[PDB]
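Chains as they are written, first to last, in the working numbering: chain A, 1 to 156; chain B, 157 to 347. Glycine included, every Cβ here is placed at the ideal spot set by N, Cα and C.
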Amino acid sequence: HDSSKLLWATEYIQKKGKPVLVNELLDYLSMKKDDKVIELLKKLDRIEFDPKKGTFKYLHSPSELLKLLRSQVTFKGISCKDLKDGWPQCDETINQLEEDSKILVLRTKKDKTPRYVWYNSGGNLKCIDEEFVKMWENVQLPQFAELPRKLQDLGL
Amino acid sequence: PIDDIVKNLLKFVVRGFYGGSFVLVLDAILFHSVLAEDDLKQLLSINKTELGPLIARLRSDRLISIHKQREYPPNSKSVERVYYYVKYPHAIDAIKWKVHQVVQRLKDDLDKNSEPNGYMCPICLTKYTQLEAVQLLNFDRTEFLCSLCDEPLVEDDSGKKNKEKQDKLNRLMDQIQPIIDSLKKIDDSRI
Ligand SMILES: [Zn+2]
Ligand SMILES: [Zn+2]
C-alpha cells in the first residue's frame with residue numbers, strides 16, 4: 001500500500017538510522033522501489049529528503065537541555081522523550097549536571113525516573129541535612145492572623 | 157512587580173527547603189490567577205498522590221490558599237472551580253516565623269555546647285550538673301561521684317559540639333540568606 005510502504009520505509013530508515021544513499025534505501029527493504037516513497041520522503045518528515053547527497057537523518061547537550069528546560073518557562077511540562085533520543089543517556093547528564101544544572105522529575109525508581117521540564121536556582125541543595133528538613137517538618141507553620149502578632153512576639 | 161519577587165521567593169524556599177516537585181505545582185498555581193482544577197491536573201500528567209500534599213503544604217505554608225472561586229455548572233447544578241488565592245500577606249507571616257524560630261533554636265544549641273558544665277555518669281547513663289557536682293563533691297573525692305551507681309562523673313557537651321552548632325549557624329545564615337534577602341525585599345511594601 002501507499003501508507004504501508006511509507007510506514008515500512010520509515011521504520012527501515014529508523015532501523016538503518018544512518019545517512020546512506022537513496023538507492024541503497026530501496027534495496028535495504030526491497031519495497032521503496034517506486035517514486036511514491038521518494039515523494040513521501042520529501043513530503044513527510046518520517047524519511048528525511050533533501051536536494052543534497054543521499055542522506056536521511058532524524059527530523060544533544062546539557063547546555064541545550066538547560067536552554068530546552070528554559071524553553072518551557074510558563075508553558076506545559078515536557079518529557080525527556082526527545083532529550084534522550086536527541087541525546088542518548090540523558091538521565092546520566094541529569095545526575096552529572098547537579099545543583100540545578102539539570103533538574104528533573106523522578107517519578108519513581110521503577111520507570112527509569114521519567115523526568116519532566118524543570119528549572120531551579122539550587123535544584124538539589126543536599127548539604128542541608130534532613131535533620132534541618134525534619135525540624136522544618138517538625139515545626140508546623142501556625143494558624144491565621146494571630147501569626148503576625150506571633151512573629152511580633154518573637155520580635156519581628 | 158514586587159509580587160513576582162514574592163512568587164520568585166516562594167520558588168526559592170520551595171526548592172531550597174523542599175523538593176523540585178514542590179515548585180511545579182507552585183508554578184502552576186501562579187501561572188493563572190483563576191486556574192481550573194483539571195487544567196493543573198493535565199499539566200503534571202500524574203496521579204493526585206503526588207499533587208495533593210503539595211497544594212496542602214502550600215496552603216499550610218500560607219503562601220497560597222485555595223479559594224472558593226464559585227462556578228455555576230451548566231447542568232442545573234452548582235459546582236465551583238478550585239482556584240487558589242495566593243495569600244502573599246500570610247506568606248511572609250509563616251515563612252519568616254520559621255526562620256526566626258530556627259535561628260533562636262540554633263542559637264540555643266550554640267550555648268548548650270559552648271562549655272562543658274554539666275556532668276554525667278556513663279555507668280548510670282544520666283547527665284548531671286555543677287550544682288549536683290558540688291553537693292556531691294567531697295574533700296577526699298577530688299572528682300564528682302555518682303551516688304546512684306557510686307561511680308565517678310564525666311563531663312558532657314565538649315567544646316567540639318559548639319563549633320558544630322556554629323557551623324550549623326553559618327550554614328543556616330548562608331543558606332537562608334537568599335530566602336531572607338528575597339523576603340526582606342518584600343518588607344518595603346508588605347504586599
Ligand atoms: Zn492559620
Ligand atoms: Zn551513675
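Residue-chain proximity (residue i, chain A), Cβ-Cβ < 8 Å
| i | result |
| --- | --- |
| B:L180 | yes |
| B:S177 | yes |
| B:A192 | no |
| B:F168 | yes |
| B:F295 | no |
| B:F187 | yes |
Beta-carbon neighbours of residue i, restricted to chain D and to distances below 7 Å
| i | result |
| --- | --- |
| B:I211 | Judged by its chain identifiers, the structure shown contains no chain D, and its protein chains are A and B. |
Closer than 9 Å at the beta carbon, the chain B residues around residue i
| i | result |
| --- | --- |
| A:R107 | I202, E206 |
Simplified DSSP state of residue i, which is helix, strand or coil
| i | result |
| --- | --- |
| B:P230 | coil |
| B:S303 | coil |
| A:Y28 | helix |
| B:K204 | helix |
| B:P245 | helix |
| A:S79 | strand |
| A:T10 | helix |
| B:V310 | strand |
| A:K150 | helix |
| A:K134 | helix |
| A:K5 | helix |
| B:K283 | strand |
Proximal residues of chain B, C-beta to C-beta of residue i below 8 Å
| i | result |
| --- | --- |
| A:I128 | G172, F173, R327, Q331 |
| A:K81 | Near A:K81 there are no residues of chain B at all, since even the closest Cβ is about 13 Å away, more than 8 Å. |
| A:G123 | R171, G176 |
| A:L156 | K252, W253, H256 |
Endpoints, the alpha helix (DSSP H) within which residue i is located
| i | result |
| --- | --- |
| B:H223 | Note, B:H223: premise wrong, no alpha helix (DSSP H); beta strand (DSSP E) at 221-225. |
| A:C90 | 90-96 |
| B:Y275 | No alpha helix (DSSP H) holds B:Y275; the beta strand (DSSP E) holding it covers 275-277. |
| B:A289 | 286-292 |
| A:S63 | 62-70 |
| B:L165 | 158-172 |
| B:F295 | Run containing B:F295: none; DSSP gives neither H nor E here. |
| B:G315 | 315-340 |
| B:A184 | 177-187 |
| A:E39 | 35-43 |
9 Å Cβ cut-off: residues of chain A touching residue i
| i | result |
| --- | --- |
| B:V258 | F132, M135, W136, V139 |
Cross-chain neighbours of residue i in chain B, by beta carbon under 7 Å
| i | result |
| --- | --- |
| A:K76 | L199 |
| A:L147 | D249, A250, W253 |
| A:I103 | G176 |
Residue-level contact to chain B via CB, residue i, 8 Å cutoff
| i | result |
| --- | --- |
| A:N120 | yes |
| A:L69 | no |
| A:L151 | yes |
Boundaries (first-last residue) of the beta strand (DSSP E) holding residue i
| i | result |
| --- | --- |
| B:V238 | 237-241 |
Whole-Å CB distance - residue i paired with residue j, under 8 Å assumed
| i | j | result |
| --- | --- | --- |
| B:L166 | B:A247 | 7 Å |
| B:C277 | B:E320 | Their Cβ separation, rounded to whole angstroms, is 24 Å, which puts B:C277 and B:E320 out of contact at 8 Å. |
| A:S79 | A:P114 | 7 Å |
| B:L262 | B:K324 | 6 Å |
| residue 157 of chain A | B:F187 | Because chain A in this structure spans residues 1 to 156, residue 157 of chain A falls outside the shown range and cannot be described. |
| A:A9 | A:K32 | 5 Å |
| A:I94 | A:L69 | Wrong, their Cβ atoms sit about 10 Å apart, outside the cutoff. |
| B:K254 | A:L141 | 7 Å |
Within chain A, the residues that residue i reaches when beta carbons sit closer than 8 Å
| i | result |
| --- | --- |
| B:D217 | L141 |
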